[PDB]
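>>> Before I ask anything, here's the sequence and the deposited coordinates:
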Amino acid sequence: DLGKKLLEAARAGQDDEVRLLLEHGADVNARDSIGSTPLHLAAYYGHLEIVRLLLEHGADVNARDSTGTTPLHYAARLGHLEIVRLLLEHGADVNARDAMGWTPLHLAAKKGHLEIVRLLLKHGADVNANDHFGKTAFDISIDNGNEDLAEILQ
């Protein structure tokens, strides 16, 4: 499938190959087995130009895989600040919750990504959102001893 090759070029960081596949008309939202889209894979691996190429062709910025994970979740977890920023400008749901009720803010708090945390807050991240464990991102910064972050959040 074109969407099959699109998914692999996105994961492999092959900018030229993504553009060609999209110009050919690969399904910009093709799904792998767990419902990942090429945008999840580009966000997961930090391929900003691909994220960019994908949005341009209409990728659903808010796609969810079978776990309810969005590309923003992946960018925030893995610490790709510039992917966070591009996704947010294209309308990514700042307060999307995955299967554990984790917002992208919870994930950036868990991993201690300070610049991502500020960026998300700038775009309206709900500081008061509890996950399914009944934790806010502040609770998590309290639970991890990240005083720098706890200081951002309180």
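The structure has been received and is ready for your questions. Numbers count the residues shown, from 1 in each chain.

>>> Let me know whether residue 84 touches residue 120 as I believe.
Yes: using C-beta atoms under 8 Å, residue 84 is in contact with residue 120, at 7.1 Å. For every residue, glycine as well, the C-beta is placed using N, CA and C.

>>> Between these two, which contacts overlap?
The contact sets of residue 84 and residue 120 overlap at 76, 104 (C-beta atoms under 8 Å, 6 or more residues apart in numbering).

>>> Not counting its neighbours along the chain, what's nearest the residue positioned nearest the centre of the chain?
Residue closest to the mean C-alpha point of the chain, counted by C-alpha atoms, centre = their mean, is residue 72 at 1.9 Å. Spatial nearest neighbour of residue 72, excluding adjacent residues (C-beta to C-beta, 6 or more residues apart in numbering): residue 92 at 4.2 Å.

>>> give the contact list for the residue nearest to the centre of the chain.
Residues in contact with residue 72 (C-beta under 8 Å, 6+ apart) are 43, 61, 84, 87, 88, 92, 93, 94, 96, 104.

>>> Quick one: distance of the helix or strand hosting the fifth one to the chain centre.
Secondary-structure element containing residue 88, defined by DSSP states H and E: helix 81-89. Helix 81-89 has its C-alpha centroid displaced from the chain centroid by 8 Å (C-alpha atoms, centre = their mean, to the nearest Å).

>>> Contact partners for the residue sitting furthest away from the middle of the chain?
For the chain, the residue at maximal distance from the C-alpha centroid (C-alpha atoms, centre = their mean) is residue 24, at 26.1 Å. Contacts for residue 24 (C-beta under 8 Å, 6+ apart) come out as residue 2.
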